[PDB]
Every structure is written in C-alpha cells, then in structure tokens.
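Protein chains get the first letters and strands the later ones, always in sequence-line order, with residue 1 at the start of each. Side-chain atoms are counted along with the backbone in the values below, which use heavy atoms only and exclude waters and symmetry mates.
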Amino acid sequence: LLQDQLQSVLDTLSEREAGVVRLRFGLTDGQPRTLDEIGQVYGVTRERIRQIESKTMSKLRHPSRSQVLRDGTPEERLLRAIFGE
Amino acid sequence: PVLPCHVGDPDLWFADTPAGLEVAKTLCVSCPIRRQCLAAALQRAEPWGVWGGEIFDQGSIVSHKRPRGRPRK
DNA sequence: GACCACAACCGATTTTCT
DNA sequence: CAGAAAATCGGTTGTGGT
Ligand code: SF4
C-alpha cells in the first residue's frame, strides 16, 4: 500500500530519470546505489547522474507530481527527500 | 484543493521551449495556491521549472527563458 | 582511497548576424 | 549566397572537501 501510488508518479518520468531515482533510493531491491554505479548502468559519468538526479528531484517536488502524495525504509527516505527535514 | 498543474501532463511545467513555459505560467494564474507555491519554491531554490506562475533558473526567477540559437538584436 | 558537490570546460547543433 | 558568431544542450573534466 502507498508504495504503489508513488510507483505511479515514477512512471510519469522518462526511464532514465525514474531508474536514476530508483537506484539512488534502492526502491526495487532495498540497496541504494552510488552515483558511479548508476553511471555505469546508463553509460554516463557520475556527475551527469548527479545533474539528472537534481533536476528529477526538482520535478518530483513539483505539485503536479507531489501534491497527490502528501499523505528507515527506502520509500520513507524518498518521501523525506521530497519534502523538508 | 484542485490545482491547475495537476491536470494535463506535468512536464509542461518543465517544458524545454519558452513557449511551453509561458503556457504553464499562464495556467498557474488560476491556482488557489500560487503565492505559496512561489514562496516555497524560492525557499528551496528550485533549479528549473514553473512554480507559482514563474520560471525558475538555478534558484531565481528568469521571467523569460532564452531561446536556443543566437539572440536577435 | 571511497564518495560527491561545484565550476569550468567541450563538441554538437541551432539560430542569427554580417 | 557564405561564413562567422553566439547561444543552448547533453555531457565530461578538474578541483577540492569530507
Ligand atoms: S501555482 Fe504551483 S500548484 Fe498552481 S499551477 Fe503554478 S506550480 Fe502548479
């Protein structure tokens, strides 16, 4: 439960955007990935992955995607990184 | 609350053309949340996108997004 | 050495100016 | 017409900091 609806908004991103956040927060297998590893999967450098991740997080913060979803597991950390501390 | 951004496709607010951003910016004018949206986005220094009816670029407001080629004079 | 934030830089492409 | 110039874009490199 709930874990599903965010998987919905993830599906509103491009594959690379979604996969980068999936890997960063270890959403599919519990294990967060390092920027380097992520770059290894998408064939780009770590810094490119960092830029992608910054912009994608900006998108996820945006009400168009985040408003429906305002209600130590990785999904917990993702929702936390969306909003404040 | 019902927001204008939450209907349609959200990438409009992160559109690559200045046209799409102007569209989203006028869509925001009907938002019951607008001034909030803007304040909070400024206070997180958003890198891009349209928030509270304004284009953001690396944490500030840009008014109009530059087109892709050389500037007309 | 592992990890990553920041800025400068790079080649391609696009657009406009002379 | 033909370049040259200026700008964005997706990406990498270089530097340095925990
Ligand atoms: S004010 Fe905020 S919620 Fe309303 S349309 Fe603009 S960005 Fe979306």
Side-chain angles (χ1 to χ4, degrees), chain A residues 3 6-66 69-70 72-85, chain B residues 4-6 8-29 37-73:
Chain A
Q3 181 193 359
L6 88 123
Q7 214 286 315
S8 285
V9 358
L10 236 64
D11 279 358
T12 92
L13 280 11
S14 67
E15 200 54 47
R16 195 162 84 161
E17 290 164 298
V20 163
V21 314
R22 265 184 219 101
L23 296 179
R24 195 86 182 113
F25 286 74
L27 244 66
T28 61
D29 55 8
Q31 165 183 104
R33 307 304 179 97
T34 191
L35 298 182
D36 311 80
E37 278 164 338
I38 303 186
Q40 265 171 295
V41 3
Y42 297 114
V44 306
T45 72
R46 116 185 104 260
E47 179 55 22
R48 184 70 194 124
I49 292 307
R50 210 186 53 87
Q51 302 155 2
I52 297 175
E53 172 245 57
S54 178
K55 280 193 172 79
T56 310
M57 287 311 297
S58 199
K59 266 170 163 186
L60 290 177
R61 256 167 270 142
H62 196 279
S64 50
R65 291 187 183 79
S66 64
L69 288 203
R70 293 197 62 104
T73 154
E75 304 84 276
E76 193 174 20
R77 298 187 295 94
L78 178 48
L79 288 133
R80 186 79 179 266
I82 292 181
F83 309 93
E85 301 303 306
Chain B
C5 38
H6 203 280
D9 89 304
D11 280 342
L12 218 282
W13 284 257
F14 300 83
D16 36 313
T17 73
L21 299 188
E22 243 64 31
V23 180
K25 194 184 319 186
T26 67
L27 274 151
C28 287
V29 187
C37 183
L38 176 56
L42 224 319
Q43 134 205 109
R44 283 125 42 194
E46 294 286 355
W48 69 337
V50 171
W51 309 75
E54 291 292 0
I55 299 181
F56 278 70
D57 189 290
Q58 273 171 113
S60 304
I61 308 111
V62 97
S63 294
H64 306 285
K65 171 190 186 50
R66 294 259 220 71
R68 226 197 149 283
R70 185 212 218 279
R72 302 171 183 178
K73 217 150 157 194

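For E22(B), the side-chain hydrogen bond (donor to acceptor under 3.5 Å, both in side chains) partners are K25(B), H64(B), not counting sequence neighbours. When the side chain to side chain contact (heavy atoms under 4.5 Å, CB included) test is applied to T26(B), no partner is found at least two apart in sequence or on another chain. Applying the salt bridge (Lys or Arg N to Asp or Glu O under 4.0 Å) rule to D36(A) yields the partners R46(A); only residues at least two apart in sequence or on another chain are considered. In this structure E47(A) satisfies the salt bridge (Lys or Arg N to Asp or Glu O under 4.0 Å) test together with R50(A), sequence neighbours excluded. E17(A) is linked by a side-chain hydrogen bond (donor to acceptor under 3.5 Å, both in side chains) to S14(A), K59(A), counting only residues two or more places apart in sequence or in another chain. Looking at residues two or more places apart in sequence or on another chain, you find a side chain to side chain contact (heavy atoms under 4.5 Å, CB included) between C5(B) and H62(A), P63(A), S64(A), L3(B), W13(B). Residues passing the side chain to side chain contact (heavy atoms under 4.5 Å, CB included) test with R44(B) are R61(A), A40(B), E46(B), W51(B), sequence neighbours excluded. With sequence neighbours left out, the salt bridge (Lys or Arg N to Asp or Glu O under 4.0 Å) criterion links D9(B) to no other residue. Residues passing the side chain to side chain contact (heavy atoms under 4.5 Å, CB included) test with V41(A) are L23(A), sequence neighbours excluded.
The separation between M57(A) atom CE and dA5(C) atom P is 13 Å, rounded to whole Å. Spacing between atom CD of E53(A) and atom P of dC3(C) amounts to 16 Å, rounded to whole angstrom units. As rounded to whole Å, 12 Å separates atom P of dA2(C) from atom CD of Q40(A). Remark: P of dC3(C) and CZ of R33(A) are 13 Å apart, rounded to the nearest angstrom. In this entry the distance linking CG of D36(A) with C1' of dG1(C) reads 13 Å, nearest Å.
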How does protein reach along nucleotides 8-17 of chain C, written 5' to 3' as B (base within reach of a heavy atom under 4.0 Å), S (only sugar-phosphate), or - (no contact)? -----BBBBS

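A sub-4.0 Å separation between OP1 or OP2 of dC6(C) and a side-chain N or O of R46(A) is absent.
Contacts of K65(B) with the nucleic acid, taken as non-hydrogen atoms under 4.0 Å apart, involve only primed sugar atoms and P, OP1 or OP2.
For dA7(D), the sign convention on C1'-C2'-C3'-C4' gives a north pucker, since the angle is positive.
Side-chain N or O atoms of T45(A) include one that pairs as donor or acceptor with a backbone N or O of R48(A) at under 3.5 Å.
Nucleotides of DNA chain D with any atom under 4.0 Å from a heavy atom of chain B span, from 5' to 3', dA5(D) to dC9(D).
Taking a 4.0 Å limit (strictly below) on heavy-atom distances, residues 72-80 of chain A does not reach DNA chain C anywhere.
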Could you give me the CA-CA distance, side-chain angles and deciding distance for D11(A) and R22(A), then say whether salt bridge (charged side-chain N to carboxylate O under 4.0 Å, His left out) is met? CA-CA 11 Å; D11(A) 279 358; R22(A) 265 184 219 101; 3.8 Å; yes

